[PDB]
Amino acid sequence: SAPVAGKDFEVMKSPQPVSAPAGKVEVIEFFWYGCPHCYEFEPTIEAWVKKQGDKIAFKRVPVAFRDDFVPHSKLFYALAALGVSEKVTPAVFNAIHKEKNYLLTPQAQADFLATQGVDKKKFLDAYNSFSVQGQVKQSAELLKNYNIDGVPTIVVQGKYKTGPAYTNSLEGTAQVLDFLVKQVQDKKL
């Protein structure tokens, strides 16, 4: 059955500006390294994004629901600043969820990433950079702008939100996302 508006996805009363160009559908994944659903969803969203390719503009935004997890948002943007996000991120998820290493401090992050081939000094310089600080503050602003209260949350074209909170299953989130993107492409949404 086709997804329904209000149950399987939410039409934001205040849509946000989309960064994707014309011809591409913007897809934003609000996630948290420590959220088990986000870890469980990673392979699904990765494959789906790669399959879509030039049809979408995918980005992730880290979420720090409490102050304790701001270091995870700094980690996200620090890995991006170093250009090693795609490579070491699976090890980051594994460290948090399977090795009981929650990577909650810059030092623990640096040590672990050192075991993954990342120079401690370069990573810490990125972690404490003003640019990463600004990106983290911006990610909090976006959490507010999109009215995100849970993760993982998928936002399509800055207007339609979905996720396991709406679909009760990660597969359901994927199916709704694919539907939403295709609806936007056909100009039906």
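Here, every reference points to the structure presented above.
Residues numbered from 1 in each chain as written, not as in the entry; some residues may be left out. Heavy atoms only, no water. Residues with missing side-chain atoms left out of burial classes, pairs and counts.

A. Structural context of the overall build of the protein. Scanning the protein for helices and strands turns up eight helices and five strands. In summary, the protein has a C-alpha radius of gyration of 17 Å against a globular reference of 16 Å for 189 residues, a match within 12%. With the C-alpha coordinates of the protein rotated into their principal frame, the extents come out at 50 × 30 × 30 Å. Sequence-distant contacts, at least 24 apart, represent 69% of the contacts inside the protein between residues at least 6 apart. (Helix = DSSP H or I, 4+ residues; strand = E, 2+ residues; numbered from the N terminus. Rg over C-alpha atoms; globule rule 2.2 N^0.38 Å. Contact = heavy atoms within 4.5 Å.)

B. Representation of the sheet that holds strand β1 (residues 10–11) within the structure. Sheet architecture is open: five strands sit in the order β1-β5-β4-β2-β3, paired in mixed fashion. The open sheet has two free edges, formed respectively by β1 and β3 (56–62), since each of these has just one partner strand. Here three bridges tie strand β4 (residues 153–156) to strand β5 (residues 160–162), and the two strands are oriented antiparallel to one another. When the sheet's bridge partners are listed, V155 is paired in β5 with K161. The sheet contacts of helix α2 (residues 70–82) involve β2 (25–31) and β3, and relative to β3 the element is tilted by about 140 degrees. Strands β2 and β3 of the sheet are contacted by helix α6 (residues 130–145), whose axis makes an angle of about 105 degrees with β3. (Pairing = 2+ DSSP bridges. Axes fitted to C-alpha atoms, helices over the stretch in contact; angles between N-to-C directions.)

C. How the structure looks around the pairing of β3. As judged from the seven bridges shared by β2 and β3, these two strands associate in the parallel manner. Considered in β3, the bridge of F30 is made with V61. For the segment spanning β2, helix α1 (residues 36–52) and β3, crossover handedness is right-handed. (Right-handed = clockwise from strand over helix to strand, strands pointing away.)

D. Summary view of the packing of aromatic side chains. Scanning the model with the defined rule gives 11 aromatic pairs in all. On the numbers, 5.4 Å between centres and 55 degrees between planes, the contact of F30 with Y146 is tilted. Within this pair, whereas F30 is found in strand β2, its partner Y146 is found in the loop between α6 and β4, the two being separated by 116 residues in sequence. Each member of the pair, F30 as well as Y146, is classed as buried. Aromatic ring contacts, followed pair by pair, group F31, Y33, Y39, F76, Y77 and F93 into a single cluster. (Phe/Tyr/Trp six-rings, centres within 6.5 Å; stacked < 30°, edge-to-face > 60°. Buried < 20%, exposed > 50% of the residue type's maximum accessible area, 1.4 Å probe, protein only.)

E. Just the environment of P21, in detail. Relative to the elements of secondary structure, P21 occurs in the loop between β1 and β2. Through-space distance from the C-alpha of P21 to that of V176 is 22 Å; in sequence the pair is 155 residues apart.

F. How the structure looks around the environment of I154. Tracing the backbone through its elements, the reader meets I154 in strand β4. Separated by 57 residues in sequence, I154 and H97 have C-alpha atoms that sit 22 Å apart.

These figures capture arrangement, not role.
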